[PDB]
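Asks: Below you will find the structure I want to go over with you.
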Ligand SMILES: Nc1nc2c(ncn2[C@@H]2O[C@H](COP(=O)(O)CP(=O)(O)OP(=O)(O)O)[C@@H](O)[C@H]2O)c(=O)[nH]1
Ligand SMILES: Nc1nc2c(ncn2[C@@H]2O[C@H](COP(=O)(O)CP(=O)(O)OP(=O)(O)O)[C@@H](O)[C@H]2O)c(=O)[nH]1
Ligand SMILES: [Mg+2]
Ligand SMILES: [Mg+2]
């Protein structure tokens, strides 16, 4: 999986530099601007200067039509950087010429390529004036037509959260942090598998199996639309069971399934547990995602222990 | 984590060889027997001959008291093999002399040593006669005195699942498989992390973000006993949210938490979603176990999309 974060314009460049300093796992950063000095200050993996002939590396002068023309004239350079990319986050502060004007063009180029295109952009603070806000709104109307998902962050709303006497510099740093949180938050759901501390699940198993006494064991596999309920029924309604699980005061139930498992399926398995156990029983549910398990299959294992009359199970 | 599977007696030896052939991830295998010939046919990591002076390499002739004395005579070897061990599975077929008599001694030693001691043994088939079942029953009574969890499997139940004209050898293979399933099943909950295909998580996010339009994004972190509902509230009740999440027809909700998260915590988080969303909204849950997240923390991120009037959000 190839995921790129593209900062467009001054604000966008400033924002990704913060993301780079803090860190976002598994993504590549790209800085895009008509302002050469700002690009040179970028720590992104790749820097793309656009509209060199119309701006001469001096920025778009606050004109969105110039930022739009800059991106169009540099279409190939942009396309080139988007090759072999599965997803892209386009971030910028709308209100000026480059972020506002170039972002919709970059979005169109990416979506045209079938790339999952997500935009996370801001609208200007109130103190910035009406012209800035107007430019941002017109920019959003164009951006909207060329992205898969559009997350708009109102800087005015951020102002409401910030302290009464916050300095402008700090208000913008807050904006940077908000964009960062959004990009990192979504992207890491895809790039970070998550670490599993095996000693942690041994602790959960130990707490239930230590001095537990006689126990009922059940295993079941399921396949298809109702794989969960089917695996659950096979395990809890197993023939090996000589005494009703209904008498157990403790029940450990674990589901091992591919990442595509839905919460609804977990619920269906839970309804089976309830129909085969005491309402007063302490039920501990375990979940393990294992894509080594066939796409339409599921595995269930449960242990029922701590019965009132243990002799009913052993003999 | 050091886990050992100990097969005691003929049935136990035969059962673990099957486990060894099929395979059980991350566990060590130990074969124990008075019967030297059978022991030499084992593919276990360690082979322990017990009662060399009492039975001289032969079996115990169906006498549990002999199996017991054999284990006691070879107690030093048993304690040696149980060193550097966190958990043990003691498996055998009760009814004969070695498995029935030696298993409780080994369990006693392991438990005294602080090892999580799980026993998974079988009671004989009806066709084997009353005497054998009687011996197994007395064995179970001794075993129960010193074990953490005692899982008893009734071969008579297995019979009610196989052909009417089954060959003895196949009845026993059926029993080996059942023992294998139990040991592998519980063991791998602790030794196998589970594989995560990242392209699969991308599919879940793509399905909700592709051509979704304007979206609302919320992020929250929680800590302590009610970390789940608190992180959910912070995300679902952000001041940046300009349009009620209730108007969204689609909602993706992901929880990233340590492996110690309880299913009850997912419920409290779920109740918050439902109280801030529409009953007709297609809600999708995501769960990622990441023990890099502090043991008492949790992270929540949600994206609400596909509204009827996006203008309300964008402008
Ligand atoms: N997250 C941030 N937003 C910022 C920052 N500075 C400004 N802004 C916001 O973005 C808006 C201006 O963004 P830029 O400076 O990127 C304008 P851009 O460079 O794209 O236009 P041109 O200079 O005309 O080329 C401004 O109206 C603010 O609402 C910053 O450091 N971080
Ligand atoms: N899972 C299996 N169970 C078996 C097998 N053979 C027998 N059995 C079951 O286990 C019981 C006997 O187990 P063993 O053959 O291990 C008797 P053991 O060797 O422990 O006693 P001695 O020979 O007196 O030393 C018997 O009553 C059956 O119910 C086998 O190959 N696999
Ligand atoms: Mg600029
Ligand atoms: Mg024997």
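These residue numbers are counts, starting from 1, taken along the chain as shown.
Backbone N, Cα and C atoms are what each Cβ position is placed from, and that goes for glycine too.
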Asks: Taking A:165, A:170, A:176 as the options, which does Swiss-Prot list with A:10, A:11, A:12, A:13, A:14, A:97, A:98, A:99, A:128, A:132 at the GTP site?
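Replies: Only hit among A:165, A:170, A:176 in Swiss-Prot's GTP site, alongside A:10, A:11, A:12, A:13, A:14, A:97, A:98, A:99, A:128, A:132: A:176.
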Asks: Grab the GTP binding residues from the record (A:10, A:11, A:12, A:13, A:14, A:97, A:98, A:99, A:128, A:132, A:176) and give me their largest CA-CA distance in Å.
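Replies: Farthest Cα pair among residues binding GTP: 19 Å.
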Asks: Hey, what's the Cβ neighbour count for residue A:128 (GTP binding site) at 10 Å?
Replies: 16
Asks: Measure from the Cβ of residue A:98 (GTP binding site) and count the other Cβ atoms within 10 Å, all protein chains considered.
Replies: 34
